[PDB]
Amino acid sequence: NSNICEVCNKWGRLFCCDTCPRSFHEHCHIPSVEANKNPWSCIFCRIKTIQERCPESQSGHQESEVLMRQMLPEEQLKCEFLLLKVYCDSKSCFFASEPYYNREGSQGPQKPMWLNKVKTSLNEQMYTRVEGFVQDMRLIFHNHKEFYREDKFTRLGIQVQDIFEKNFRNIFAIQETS
Ligand SMILES: [Zn+2]
Ligand SMILES: [Zn+2]
Ligand SMILES: [Zn+2]
């Protein structure tokens with residue numbers, strides 16, 4: 001197995017996957033690495049299994065259909081993996097914890113949002129449809145773009161949103177378009 005966490009790329013107290021060489025810190029994995037379970041299979045492995053059991057799940061889908069899906073166990077897992085893929089980028093640090101807003105010439109957002117809040121929301125089964133999760137994820141980057149206006153720091157929101165959207169299209173097998 002790898003000797004660094006797949007998500008944050010640091011060493012430490014690592015839990016190893018039994019079916020692939022990835023390793024994880026306890027709270028870097030989503031969901032947090034389960035207490036017992038031998039063997040244990042990481043979320044990458046669990047997502048690959050879904051795909052293998054239903055090859056047709058990789059045919060193209062419309063976003064509108066995906067968003068209306070109820071959060072049954074497989075869609076819960078897919079949103080957890082998508083959230084983890086965002087954390088895998090180091091620029092996610094900017095969006096992880098609760099933000100605050102005091103900048104001359106800007107007003108803070110009406111509905112602040114952040115990754116750790118989405119994480120808690122998923123853990124507490126607060127989303128009933130994929131749309132709930134995706135709306136909160138997109139709001140993180142929209143709030144950032146609106147608040148930082150012409151500051152070049154706005155680009156960090158564009159960058160991390162792009163990681164989100166690419167992974168959303170991959171995980172949920174959104175139909176490719178130009
Ligand atoms: Zn880690
Ligand atoms: Zn694995
Ligand atoms: Zn099948």
# chains A, B, ... in the order shown; residues from 1 in each chain; ligands from 1
call {"tool": "residues_near_ligand", "arguments": {"ligand": "ligand 2", "cutoff": "7 Å", "atoms": "only C-alpha atoms and all ligand atoms", "output": "ChimeraX atom specification"}}
result
/A:17-22,41-45
call {"tool": "closest_atom_pairs", "arguments": {"of": "stretch 94-167 of chain A", "to": "stretch 49-70 of chain A", "cutoff": "8 Å", "atoms": "only C-alpha atoms", "output": "Markdown table"}}
result
| residue | atom | partner | partner_atom | distance |
| --- | --- | --- | --- | --- |
| A:128 | CA | A:70 | CA | 5.7 |
| A:129 | CA | A:70 | CA | 4.2 |
| A:130 | CA | A:67 | CA | 4.9 |
| A:131 | CA | A:67 | CA | 4.3 |
| A:134 | CA | A:67 | CA | 7.6 |
call {"tool": "write_last_selection", "arguments": {"atoms": "N, CA and C atoms", "output": "mmCIF file, in the first residue's frame"}}
result
data_model
loop_
_atom_site.group_PDB
_atom_site.id
_atom_site.type_symbol
_atom_site.label_atom_id
_atom_site.label_comp_id
_atom_site.auth_asym_id
_atom_site.auth_seq_id
_atom_site.Cartn_x
_atom_site.Cartn_y
_atom_site.Cartn_z
ATOM 1 N N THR A 128 -32.132 14.603 0.688
ATOM 2 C CA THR A 128 -33.043 13.588 0.165
ATOM 3 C C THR A 128 -32.867 13.289 -1.305
ATOM 4 N N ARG A 129 -32.324 14.230 -2.088
ATOM 5 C CA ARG A 129 -32.043 14.040 -3.500
ATOM 6 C C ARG A 129 -30.627 14.531 -3.835
ATOM 7 N N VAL A 130 -30.060 14.001 -4.891
ATOM 8 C CA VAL A 130 -28.749 14.443 -5.366
ATOM 9 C C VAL A 130 -28.743 15.971 -5.544
ATOM 10 N N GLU A 131 -29.848 16.541 -6.073
ATOM 11 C CA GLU A 131 -29.942 17.977 -6.231
ATOM 12 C C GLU A 131 -29.528 18.828 -4.969
ATOM 13 N N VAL A 134 -25.681 18.788 -4.775
ATOM 14 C CA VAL A 134 -25.078 19.499 -5.856
ATOM 15 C C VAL A 134 -25.330 20.988 -5.687
#
call {"tool": "residues_near_ligand", "arguments": {"ligand": "ligand 1", "cutoff": "6 Å", "atoms": "only C-alpha atoms and all ligand atoms", "output": "NGL selection string"}}
result
:A and (5 or 7-8 or 10 or 24-25 or 28)
call {"tool": "select_by_dssp", "arguments": {"residues": "chain A", "states": "helix (DSSP H, G or I)", "output": "VMD selection string"}}
result
chain A and resid 43 to 53 55 to 58 63 to 68 73 to 87 90 to 96 115 to 123 130 to 148 154 to 171
call {"tool": "atom_distance", "arguments": {"atom1": "atom CA of residue A:107", "atom2": "atom CA of residue A:132"}}
result
24.9 Å
